[PDB]
Structure formats: structure tokens, C-alpha cells
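Scope of the values below: all heavy atoms of this structure, side chains included, with no hydrogens, waters or symmetry mates. Within every chain, numbering begins at 1; the chains are lettered A, B, ... in the order of the sequence lines, protein sequences first and strands thereafter.
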Amino acid sequence: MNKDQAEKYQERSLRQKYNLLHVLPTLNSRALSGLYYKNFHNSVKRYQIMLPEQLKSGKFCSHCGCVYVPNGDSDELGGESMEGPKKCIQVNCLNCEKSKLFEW
Amino acid sequence: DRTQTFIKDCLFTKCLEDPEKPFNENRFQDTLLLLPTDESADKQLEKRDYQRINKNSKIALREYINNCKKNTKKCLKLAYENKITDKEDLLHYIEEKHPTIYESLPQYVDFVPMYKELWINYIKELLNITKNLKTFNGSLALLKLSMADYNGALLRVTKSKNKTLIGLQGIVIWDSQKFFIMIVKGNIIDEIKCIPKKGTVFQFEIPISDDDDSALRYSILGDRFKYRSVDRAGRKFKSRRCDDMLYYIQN
Amino acid sequence: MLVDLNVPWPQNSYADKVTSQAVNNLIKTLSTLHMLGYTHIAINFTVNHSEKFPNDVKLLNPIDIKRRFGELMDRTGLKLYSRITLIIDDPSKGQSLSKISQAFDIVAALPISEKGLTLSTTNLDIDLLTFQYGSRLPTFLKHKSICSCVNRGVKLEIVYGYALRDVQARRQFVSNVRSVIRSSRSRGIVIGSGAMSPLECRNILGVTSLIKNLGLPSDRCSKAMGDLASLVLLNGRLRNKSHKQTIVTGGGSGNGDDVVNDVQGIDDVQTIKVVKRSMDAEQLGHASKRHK
Amino acid sequence: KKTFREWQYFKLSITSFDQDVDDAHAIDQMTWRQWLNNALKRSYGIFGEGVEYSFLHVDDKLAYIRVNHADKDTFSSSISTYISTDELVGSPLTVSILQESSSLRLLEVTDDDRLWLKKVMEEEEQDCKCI
Amino acid sequence: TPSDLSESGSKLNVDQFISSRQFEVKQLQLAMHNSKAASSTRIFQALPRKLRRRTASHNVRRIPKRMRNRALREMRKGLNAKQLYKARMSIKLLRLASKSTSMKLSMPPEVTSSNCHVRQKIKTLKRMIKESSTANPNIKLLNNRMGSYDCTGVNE
Amino acid sequence: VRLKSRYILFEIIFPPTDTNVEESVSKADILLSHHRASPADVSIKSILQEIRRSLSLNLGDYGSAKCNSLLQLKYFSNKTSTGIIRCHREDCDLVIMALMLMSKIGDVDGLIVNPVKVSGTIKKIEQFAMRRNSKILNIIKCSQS
RNA sequence: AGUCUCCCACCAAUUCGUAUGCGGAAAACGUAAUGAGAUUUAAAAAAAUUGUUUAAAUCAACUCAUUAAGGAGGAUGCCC
RNA sequence: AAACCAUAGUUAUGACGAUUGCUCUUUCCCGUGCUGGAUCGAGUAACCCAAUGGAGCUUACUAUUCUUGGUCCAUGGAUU
RNA sequence: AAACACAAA
Ligand SMILES: [Mg+2]
Ligand SMILES: [Mg+2]
Ligand SMILES: [Mg+2]
Ligand SMILES: [Zn+2]
């Protein structure tokens with residue numbers, strides 16, 4: 001297998017995983033979201049490449065694995081709400097009953 | 001050593017019966033060995049949250065499968081009770097009389113359209129399906145297909161040890177290690193299909209309709225689909241027996 | 001089903017040119033094997049090891065199944081396969097299997113020495129192990145080696161068609177067959193007929209009678225000619241056609257479109273299979289309900 | 001527990017190529033017998049020569065041979081081995097056993113010679129049952 | 001030199017060892033057999049299978065994992081009745097891990113009794129068992145040093 | 001695994017075919033007149049070639065091919081006319097029938113072959129040969145009186 | 001069958017004086033209750049054994065981490 | 001110079017004949033049934049083999065190349 | 001052949 005041809009295959013596979021992470025059900029169903037998240041991460045761990053932190057921090061959830069999205073293609077919103085600090089700013093989701101807290 | 005070997009032989013001819021047995025089979029060691037016999041914080045955070053997400057998604061998939069299993073049974077029972085045959089009446093009746101059991105039911109018309117296209121385009125770009133078909137190479141294409149991902153793929157069971165599993169078409173929702181998960185549609189059938197891979201034959205057809213109406217005829221073998229590489233290469237393979245494929249020739 | 005995998009081709013070196021009489025005799029013997037009854041025939045081609053392999057791909061196979069066997073099959077009704085036997089005795093540096101293995105279908109070996117036997121049993125990727133039944137056996141064959149080989153793959157082949165050549169060769173043939181059957185534990189045995197003319201061919205009953213007189217039970221002969229021959233054809237076919245048993249280039253719909261059975265449909269200059277669109281997403285999944 | 005088989009039948013048929021030499025010469029019963037006597041002596045010694053066999057319903061390239069149940073192996077190993085050479089034909093002869101039977105139940109044509117042989121064989125059958 | 005020092009350890013060569021000592025072997029054989037020394041036949045016979053034994057391994061032993069984990073827990077780390085047995089087992093495990101070679105080979109590197117300070121722990125726990133208020137003269141006073149008393153039940 | 005061997009002990013006996021001379025009727029007299037001696041033209045390759053010819057002449061082609069796989073003469077000396085023929089446990093009957101059907105040596109005539117002991121090891125064959133040799137001496141000592 | 005382990009002299013003790021889940025003289029020995037784990041792990045992946053050689057929807061299987069023997073009192077659950 | 005010792009013991013464990021039983025199939029009867037009975041037939045497996053004795057573990061076997069018991073949030077058909 | 005070894009392969 002040519003490495004120049006393997007780079008294109010790697011890019012295509014990464015794009016395909018990232019697209020499968022999205023469309024309707026991974027947003028709707030937490031099971032498919034978590035499964036595809038685990039698959040994408042197991043695929044990116046084997047390629048010995050780090051992933052950007054600016055997306056790594058605020059991309060997915062920690063209990064199910066759905067993308068944090070509040071309210072071309074109308075879909076379902078990802079999070080219950082996003083309050084102010086109120087003591088410390090938190091973000092809640094729809095699928096599970098937990099929240100993620102960040103401090104200023 | 002020659003006179004020494006003669007002395008050793010004249011000594012062994014007293015104890016042993018064949019003096020030139022050990023020197024021939026190399027049991028008289030010339031040497032006697034004498035020796036006593038002789039930024040990690042965020043990384044750990046990411047590993048732990050990944051472990052937690054995996055452990056949650058497993059249970060979520062399991063309970064989703066169980067919910068679909070029970071919902072299909074209950075809705076088919078209610079349909080037979082109400083005597084309604086086609087799906088376009090049954091789903092509307094359930095929606096207008098049973099709100100809850102309807103948000104648990106899946107929708108094939110929701111599952112087919114983007115999945116099929118997003119997998120077809122991905123495979124077309126991977127196998128380099130071009131308007132002309134003189135730029136192909138079978139070896140590299142088969143290697144890519146062995147390395148390719150089948151998450152959200154359309155496969156048809158064409159041969160199997162069980163005479164009832166054959167002929168089932170479905171699109172992948174998740175790739176397990178022992179069973180294969182797809183979804184099928186019928187008159188009222190909306191069953192999630194789990195199929196064993198040990199002894200079954202699958203196949204996938206890629207449509208190509210630029211000028212003529214042709215398609216590629218590819219196929220996989222589940223029995224030997226368990227010991228393949230995943231997204232990478234360089235895994236030392238072993239010849240197993242190539243012997244339990246008798247069902248392939250038999251029928 | 002009956003399979004004969006050692007039909008010899010009248011050529012040993014690439015410098016030789018086959019005359020029309022040999023091709024006519026081969027056509028006659030193929031017709032003879034077909035008339036009485038047979039299912040699979042794989043012709044054999046023999047070359048030695050120390051020779052210079054030609055640095056070509058489109059000239060390695062002087063069989064041209066589509067040229068003349070393409071003339072014969074439409075009237076005959078059976079299939080042909082191209083196989084090669086390697087006469088390897090001394091481990092010289094000449095080794096270019098990466099071309100002849102992919103160009104041919106079945107790759108066998110003909111060891112004469114002990115080192116060649118060991119390397120062909122351990123490292124050489126072959127399909128059948130054939131011995132020189134005309135000459136003397138290289139050594140006292142071991143049991144564990146043959147058992148581990150037949151568990152790892154390659155089986156032994158017995159050719160009863162050589163005993164019809166002369167008188168002095170029959171004793172050596174029987175002595176070698178006895179040792180092979182005794183050392184192989186009667187597991188990986190494949191039977192073939194190495195006849196060059198249709199006059200030295202026999203019926204399946206003569207074959208099973210000869211082998212049952214040799215020492216192997218008749219039911220085992222039937223099983224090894226029915227299932228083991230099909231399996232050794234399948235292995236050598238998909239090891240070259242497909243990848244390492246992971247992805248198959250052929251899709252079996254019914255009962256005739258099989259990777260070893262379907263031979264005119266599947267392309268050989270490439271590995272693609274151009275079929276019309278027959279799988280949609282709107283058709284009912286259940287084949288019992290799906291109607292056209 | 002088991003019934004003792006007297007002998008066993010064998011369906012013999014000649015296969016001679018070279019249509020010209022084939023239609024040229026015409027084999028007969030004595031030809032068959034000489035071919036068998038040559039095959040047995042070529043493949044075996046006195047062991048093969050002392051094999052009991054008779055001829056029943058000899059035809060053009062067709063004949064039926066009954067061999068004892070104890071010598072079926074010797075007969076079937078010698079038949080598929082020998083190839084005639086310069087006996088009566090310019091093209092050497094090769095024989096292939098079509099089928100075998102141990103219950104006399106075989107019928108190719110609707111002739112009556114099989115019926116007569118069957119009649120004499122059952123008049124011997126009841127005779128060995130009583131005797 | 002019949003034995004020398006080399007890469008791994010000491011090497012002893014049989015060749016020179018029996019070469020230098022040859023006349024001694026001749027005198028020994030003459031002292032054992034007088035008239036049979038001139039003859040060369042089979043004097044020694046095969047060992048009976050009843051006396052025949054089997055060969056063991058060249059290693060010392062493999063310690064069970066339970067005792068190893070307990071010794072690890074003890075080394076790395078008024079009294080109730082169970083705390084008496086706890087301290088007793090603690091001193092026993094310390095002594096065992098100190099003497100045993102298999103446990104030493106199963107112990108983790110960079111761990112010694114000096115660093116563990118076994119002696120002070122032994123002293124403290126022995127002081128505790130001494131405080132446990134036992135009554136020795138209630139048990140009995142024996143007659144010999146090896147355990148041998150009389151266990152006879154009269155009418156019971 | 002083990003190769004199943006079966007050694008065969010045979011004796012060459014010369015019948016005193018002479019009708020013009022009167023003979024003594026006893027045990028040791030006929031034992032001596034039958035165990036006189038073997039001729040000088042007697043060896044291992046001359047007996048092996050003769051038995052190989054007789055095997056092909058009596059059994060045939062396949063009968064000699066199946067039997068000549070492990071047909072060897074391990075021990076034989078012309079002073080006592082005792083030989084040990086190694087063969088398979090399958091072809092023991094064939095070798096015995098061939099030794100029975102032995103007609104004559106190509107230059108020496110008037111002799112018979114007697115198979116005495118058949119066993120699957122050489123130690124028991126040697127023990128039986130020693131026992132037979134010891135038994136032979138008894139009648140000799142008794143008749144020398 | 002196997003290039004696995006151990007017994008086949010003893011030692012009121014520099015001699016594994018080891019009352020440590022149970023059985024066992026020992027054993028790279030059998031099994032029982034709970035929790036967790038997957039080259040992101042305590043450790044399986046890019047000493048022996050085995051063609052495939054644990055798992056990675058749930059079950060089943062492997063690995064590791066805890067539970068010392070007997071008698072008495074109180075509470076809870078079952079027939080009563 | 002012997003300790004020489006096996007309810008197989010040191011390249012051995014042969015040769016056929018006869019009987020019952022076990023699995024399927026083409027038949028007839030009482031009561032449906034009953035390790036209910038009798039004819040026409042096929043097969044009795046494979047791994048494989050001791051060399052001093054015992055225990056534990058792992059690894060090879062049972063597809064017309066004998067069998068048996070149970071389980072399965074495996075699928076296939078039918079009733080509620 | 002079997003059986004043995006901190007061998008050798
Ligand atoms: Mg053994
Ligand atoms: Mg061994
Ligand atoms: Mg052993
Ligand atoms: Zn969540």
C-alpha cells in the first residue's frame with residue numbers, strides 16, 4: 001500500500017467517521033452517538049495524531065457523547081439549556097440527567 | 001583429549017553396554033556451568049471520560065435493542081388485533097391512538113435516505129469509481145475494502161448455514177464482533193435483525209449509472225471477517241485451515 | 001462431483017513450442033473425460049527451479065483457456081484451471097513466486113531433497129505436495145511434520161495415472177504410496193490422474209478399486225474426491241483471486257455463481273464483475289415477501 | 001447374521017479408440033477370454049490365473065462377468081490395470097467397469113436371456129435353500 | 001586449573017579434571033576389583049525402577065499470591081481479641097518474607113527489611129502481645145522440649 | 001510411532017535322496033543326515049535373489065511390489081543354515097508361502113525350506129534359536145552312547 | 001500425546017515453624033461471594049500448550065483485587 | 001556384585017468365526033404411547049498409541065467418518 | 001520407537 005495513497009485513505013476515513021457522528025440519530029439517540037464517538041476515537045488513536053484542543057474541550061458530552069448544540073437542515077437541539085454562572089456556569093443536555101460545570 | 005577420550009571410553013564400557021553411545025548422540029558435555037540460576041492531568045481526564053462514554057454507550061445500545069424488540073412485538077400484536085395490513089395505515093393509527101409507543105418505534109424512511117447516499121459517495125471516492133473503468137486495480141481495491149469501514153453499509157445475506165437467514169437486506173447501525181446488526185422492512189415488519197457471522201455470506205452492490213446501468217458485484221465472508229485489520233495495516237496473518245468453507249461449495 | 005487436478009501439459013521448458021498434435025490429443029482426452037463423466041479438470045504445467053523465469057506477466061501462461069478451451073467448453077460443458085508444479089531440490093536464489101502464483105491458480109511443489117522439503121513445508125506458500133513417484137523417495141517421511149502441514153494447509157497428492165506408464169515403475173509407485181498413506185494418517189490425501197492420452201484414463205470405480213487395493217478405504221476416497229478436492233480448488237482459487245480470505249470478488253446469488261464455478265463471467269485481465277443493478281433500497285427485506 | 005454370497009456380477013465394456021481400427025476388427029467371446037487370461041497373468045501370477053470367471057451375454061463391446069465374493073478385489077484391481085497390446089487389435093484395448101451388483105437386479109434391455117439366467121438361478125436358489 | 005572464571009560464573013572442564021586424575025582412578029579400580037580389572041565386561045547393572053526417581057526444577061519455588069499480598073500489606077503499612085491475631089500474623093508475615101527466598105523474589109524491587117524497619121515493628125507488636133494479658137501457667141507445664149503429652153479420656 | 005516388524009526364521013534341510021543306500025532309523029541319525037551342512041555356494045545375496053525371483057514367479061507383479069518394500073535378510077551364516085528374514089506384519093503370509101514354494105537353488109538342487117519361528121522382535125527369535133540349539137544337543141548326547 | 005509443575009530420607013527448626021476464602025502432603029492445583037478492568041490498561045495487541053487460540057449488544061469465558069476457624073447476644077426475611 | 005521389581009510391562013499386546021446391544025431408513029398388529037416386538041438394507045467412529053509409579057493443568061477427537069444431556073435478550077413457521 | 005536435558009534446534 002502506497003503511503004501517499006494511504007494519506008488520502010486516512011483523510012477520507014476520518015471525514016467519513018466525522019460525518020457518521022452527525023446527521024440525525026447521533027444527535028437524537030445517545031447510544032449511536034457514544035458508539036460512533038468511541039469508534040472515531042479508536043480510529044484516531046491508531047494513526048498517532050493529536051486532535052485540536054479548541055474542539056476537544058467543547059465538542060461532545062461526557063455521559064452520552066452527543067455534540068453540545070443549542071437552538072439548511074433543521075434538527076434537534078443538543079442541550080437542555082446554558083445558564084449564566086448562577087454560582088458557576090453549567091451546561092445541561094437532553095438525553096441524560098447530568099450537567100457539566102465550568103468556572104471562569 | 002584423544003587418550004582422555006580413550007580413558008573415558010574404557011570407563012564407560014564398564015558401566016554402560018555401548019561405549020560409543022553418548023559420544024555419538026552427544027551426551028558427554030565438555031563444559032560444566034556453575035552459576036546461580038538467574039501534562040498528564042488532561043490526558044488522564046480524557047482517558048477516564050472516554051472509558052465512561054464507552055461504558056454508557058454499551059448499555060444504551062443494549063437497552064435500545066431491547067426496547068425495539070419489545071415495541072415491534074407489541075405493535076404487531078395490536079395490528080393483528082385491529083386487523084390492519086399495510087404500514088401506512090398502521091403507523092398513522094398508532095400515532096393517533098398511541099402517542100408514547102410511537103416515539104420508541106424506528107422509521108425506515110428516516111434511516112435510508114442520507115445513510116445510503118453518504119455511504120455510496122464514500123465508497124465511490126474510496127474505490128475511485130470514475131466515468132471510465134480502465135483505471136482500476138483489483139488488489140489495491142480489495143485491500144482498501146478489507147481496510148474500509150462498513151458503518152452504515154447495505155449488505156444482503158445471500159448464503160448461510162441456516163436456510164432462513166438468506167435474502168435479508170439491511171443497513172448497518174453498529175458493527176459488533178459476533179453478531180451483525182441491520183434493519184429490515186416488510187408489510188408490518190420493522191424488526192432489528194441480528195445475524196451470526198460464523199458461516200454466512202454477505203454482499204454489497206455499488207450502483208454506477210452515468211451512461212449505462214451497471215454495478216459492481218462484491219461480497220464478504222463473515223466467518224473470516226473477524227480476524228481482519230481495522231483502519232490500519234501491518235497485522236501478521238495466519239493460515240487458519242481454509243477448511244470450514246464447505247457450505248460455500250455445497251449450496 | 002469428480003475433480004482431476006494433474007492433467008499434464010506437453011511442455012516442460014519455455015523454450016519448447018507445442019505442436020498442433022499435442023493440442024488435438026489434449027482436446028480428445030478432455031472430451032473423453034467429459035463423455036464418461038467428470039466435473040472439474042485442472043491441467044498441470046511443470047517447470048524446474050534453477051531455470052530463468054521470464055520477466056513477463058502476459059506470457060507466463062501458455063494455456064490460453066479463452067483461445068482454444070474457449071472453443072471447447074461451449075460444446076463440452078466443464079471448466080479448466082491452470083496449475084504449476086515447482087521442481088525445487090536445492091534452495092538457490094531464484095525465487096519469483098510473486099508473479100507465477102498470481103498468474104496461475106494452483107501452485108504445487110515437487111521436492112527431491114530434504115532441505116527443499118523442509119522449506120516448502122514451512123515457508124513456501126503452495127497448495128499441494130506432489131512427490132516423484134517415478135524415482136525413489138528422498139527420506140523416511142515423518143508423521144508430525146505431515147500432520148502439522150495438513151493442519152496448516154497443504155495436503156499430499158497421489159497420482160495413480162503414473163503406474164500405467166511402464167512395468168518397473170509400479171513397484172516404486174506402490175512403495176511410495178504406502179509410505180505416504182502411512183505417514184499422512186489418511187487425512188490430507190488428494191487423488192489425481194496424470195495421463196497424457198485419453199487411452200490411459202479410467203472410471204471412478206476403477207480408481208476407488210485401485211486405491212482400496214492400495215490400502216485406503218473407499219468411503220474415504222469418495223469423501224476426499226468430493227469435499228477435499230473442492231476445498232483444495234477453492235483455497236487455491238480465492239488465495240489468488242481474492243485477498244487473504246477477507247473480501248471476495250464474487251457474489252453468489254443462487255447455486256451456480258460461485259468463485260470456482262463461475263469462470264466465464266468473472267474477468268481475468270482485471271478482477272471486477274460488471275453486473276446490472278439488482279439491489280435497491282425500496283425492495284422488501286424479507287425474501288419471502290419480496291416480489292417483482 | 002449375514003447370508004453367504006455365492007459370487008458377484010461385474011458389468012464389463014471395452015473402450016477402444018481409433019474408430020477405423022475399432023470398426024475394422026470385431027471382438028468375440030474367445031477374444032474376451034484370451035484378454036482376461038493375458039491380463040491376469042500379466043498383472044498377477046498363478047494367483048490371478050486361478051480366478052474363477054464365466055461369460056454371460058457376450059455382445060459387441062459388452063459382457064457380464066461373475067466373480068466370487070472373495071475375489072472381487074483381485075478382479076477389480078486387475079481389470080482397471082491391464083491394457084491389451086498386439087492381441088487382435090491395432091489400437092490397444094482399455095476396459096472400464098460400468099457398474100456392479102450383488103442382487104442380480106439389473107436390466108438394460110427387455111431381452112429374455114437375463115430372464116432365462118434368472119430362472120435357472122432361482123431354480124438353484126430354492127435348491128440350495130432346501131438342500 | 002580444573003576450574004576457571006569466565007563470563008557468567010566458574011567453568012569446570014571435565015577433560016583436564018579426569019586427565020590430571022588418571023592414575024588415582026586406576027588405583028581405585030584396582031582396589032575395587034582385582035581379577036576383574038583385567039577383564040572388560042558389564043559389572044554394574046541398571047538401577048531398579050523402584051529406586052528410580054524423577055528430576056525436579058532448577059528454581060527455588062513459587063510463592064502463593066495470597067501470602068505475598070498479605071506480606072506486602074503488612075510491610076508497606078486496650079486491644080481486641082482479633083487485633084491480637086492480626087499483630088501475630090503481622091510478625092509472622094514479616095519473619096517469613098524476611099527468611100523466604102520465593103517471597104523475596106516475589107517482593108517488589110527497592111524494598112528491604114532495613115527500609116521497612118522490621119525490627120522496630122517486631123518489638124512494638126511483641127510489646128502489644130505482652131500487654132494482651134495472657135496466663136501462661138494456666139496452659140500447662142510440660143516435661144520435655146518436643147511436644148509430647150498424654151491425651152487419655154477417663155470415662156469420656 | 002512404531003514400524004511393525006515381523007522376523008521369520010527358516011531352515012534349509014537336505015533330504016537324503018539316495019535309494020541305493022540303506023539308512024539307519026532313529027532320531028539323531030536322521031537329525032544328522034538332515035542337518036549335514038550347507039554347500040559353499042551359499043550366501044545372503046544368493047538366497048535373497050532366489051526368493052525375490054520365486055516371489056515374482058508365484059505371486060506376480062503387485063504381489064512382489066507390495067512384499068519387496070521391507071524384504072531383507074538380517075542375519076544368516078552358512079555354517080548352521082539359519083536365517084532371519086524381516087518383513088511386515090501384513091506380508092508375513094506372503095513370505096511364508098514363498099519360502100514354502102522355494103523349489104531349488106540355481107546350482108544346488110534337492111533341498112527344502114522349513115519356517116520354524118515367526119515373531120515381531122529379534123530377541124525372542126534369538127532366545128528360541130538358543131533353545132532349539134540346546135534341544136538338538138540332547139538327542140545327540142543320548143545317541144552317542 | 002505435550003521442550004508444564006510436584007511427591008517419591010528426616011530434623012520444637014539458618015530446615016519457605018505459612019493458624020491467612022474452602023478442600024489438599026505439595027502442586028504454573030480444583031472451586032465459591034462481591035467490585036472493576038481492555039495496547040486510553042495491573043497485565044493479552046498493530047514457563048508449557050494450542051489450525052482458529054479471552055472479551056470488547058446482552059449472556060458465556062480469561063485475568064487481577066478482598067473475604068482466618070469455632071462458640072454466644074440483637075435485628076431483618078420465609079414455613080410457622 | 002547385586003539391589004530385578006507390574007492383577008499390560010520394554011519396539012509384544014496377534015489371526016479370523018459367532019452372539020447381544022446401539023443410530024437412521026422401506027414394512028404389519030394391539031391402546032394413542034411404552035430402552036413394546038419381528039423382517040429389506042447401511043455403518044461400530046476419530047485422536048491416536050504405553051517403556052518406572054501417582055495427582056493437577058492445558059491441548060487433540062466424535063459432518064452419510066458410532067453417540068448422549070441441557071442451555072441460548074440466535075433466527076425460521078404457527079396459536080393465544 | 002518410546003523415555004530423558006537450565007542441551008540442541
Ligand atoms: Mg510415549
Ligand atoms: Mg516424545
Ligand atoms: Mg511422554
Ligand atoms: Zn448525557
_Between B:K238 and B:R228, which residue's closest nucleotide on RNA chain G lies nearer the 5′ terminus?_
B:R228

_5'-most by nearest nucleotide on RNA chain G - E:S57 or B:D175_ = E:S57

Integer-rounded Å distance: [N] [atom2] and [X] [atom1]:
X	N	atom1	atom2	answer
B:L246	H:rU65	CG	P	15 Å
B:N56	G:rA57	CG	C1'	15 Å
B:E191	H:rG77	CD	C1'	13 Å
B:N54	G:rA36	CG	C1'	15 Å
E:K82	G:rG70	NZ	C1'	15 Å
F:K4	H:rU13	NZ	P	4 Å
E:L51	H:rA2	CG	P	15 Å
B:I195	H:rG76	CD1	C1'	13 Å

Nearest to the side chain of [X], which nucleotide is it out of [options]?
X	options	value
F:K123	H:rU75, H:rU10, G:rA38	H:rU10
B:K58	H:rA3, G:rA56, H:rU75	G:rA56
B:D243	H:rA63, G:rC59, G:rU41	H:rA63
F:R2	I:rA1, G:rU58, G:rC16	I:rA1
E:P64	G:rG51, G:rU18, G:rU66	G:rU18
B:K55	G:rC6, G:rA36, G:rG51	G:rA36
A:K45	G:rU39, I:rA5, G:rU20	G:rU39
B:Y227	G:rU58, G:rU52, H:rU65	G:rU52
B:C194	H:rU75, G:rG51, H:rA46	H:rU75
A:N42	G:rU40, G:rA65, G:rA46	G:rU40

So, does [X] get its side chain near the phosphate of [N], meaning an N or O under 4.0 Å from OP1 or OP2?
X	N	result
E:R52	I:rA3	no
C:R185	H:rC49	yes
B:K69	H:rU75	yes
F:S5	H:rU11	no
E:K92	G:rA19	yes
E:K99	G:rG17	yes
B:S176	G:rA57	yes

Taking a pair to be Watson-Crick (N1-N3 plus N6-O4 or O6-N4) or G-U wobble (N1-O2 and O6-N3), each under 3.5 Å, are [N] and [M] paired?
N	M	answer
H:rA12	H:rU35	no
G:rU15	G:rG74	no
G:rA60	H:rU11	no
G:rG21	G:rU31	yes
H:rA38	H:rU27	yes
G:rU5	H:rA55	yes

*Could you tell me which nucleotide pairs with G:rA65 by Watson-Crick or G-U wobble geometry, both distances under 3.5 Å, or answer none if nothing does?*
G:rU34

*Searching all strands shown, indicate the nucleotide that pairs with I:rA1 (Watson-Crick or G-U wobble; both distances under 3.5 Å).*
none

*Stacking status for step H:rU35-H:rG36 (5.5 Å, 30° cutoffs)*: no

_Tell me yes or no: do the six-membered rings of G:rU67 and its strand neighbour G:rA68 sit under 5.5 Å apart at centre, with planes under 30°?_
no

*Note: B:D244-B:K161 ion pair, threshold 4.0 Å (strictly below)*: yes

*Measure from NZ or CZ of B:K159 to the centre of the six-membered ring of B:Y248, then state whether that distance is under 6.0 Å and the direction lies within 45° of the axis.*
yes

[N] base to [X] side chain: any donor-acceptor pair below 3.5 Å?
X	N	answer
E:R49	H:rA6	yes
B:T37	I:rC6	yes
E:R54	H:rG53	yes
E:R62	G:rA28	yes

*Hey, which of these two, E:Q45 or E:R53, hits RNA chain H nearer its 5' end, going by closest nucleotide?*
E:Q45

_Need to verify one output field. Residue with the more 5' nearest nucleotide on RNA chain H, C:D227 or B:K77?_
C:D227

_Gap separating the CD1 atom of C:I189 from the CD1 atom of C:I181, nearest 0.5 angstrom_ = 4.5 Å

When we call it a touch if two heavy atoms are under 4.0 Å apart, what does [X] touch: a base, just sugar-phosphate, or nothing?
X	result
B:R48	nothing
E:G147	base
F:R6	sugar-phosphate
C:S288	nothing

*So do F:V1 and C:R185 actually touch side chain to side chain, heavy atoms under 4.5 Å?*
yes

_B:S146 side chain reached by B:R228 side chain, heavy atoms, under 4.5 Å_ = no

*Determine yes or no for a side-chain-to-main-chain donor-acceptor pair under 3.5 angstrom, with B:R240 supplying the side chain and B:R224 the backbone.*
no

_Looking at G:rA68 and E:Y85: do their rings stack (centroid distance under 5.5 Å, interplanar angle under 30°)?_
yes

*B:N67 versus B:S104, side-chain donor and acceptor atoms under 3.5 Å*: no

*Please say which of E:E74, E:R95, E:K77 ends up in a side-chain hydrogen bond (donor to acceptor under 3.5 Å, both in side chains) with E:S90.*
E:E74

*Mind checking whether A:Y37 and A:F60 have parallel, tilted or perpendicular rings, split at 30° and 60°?*
perpendicular

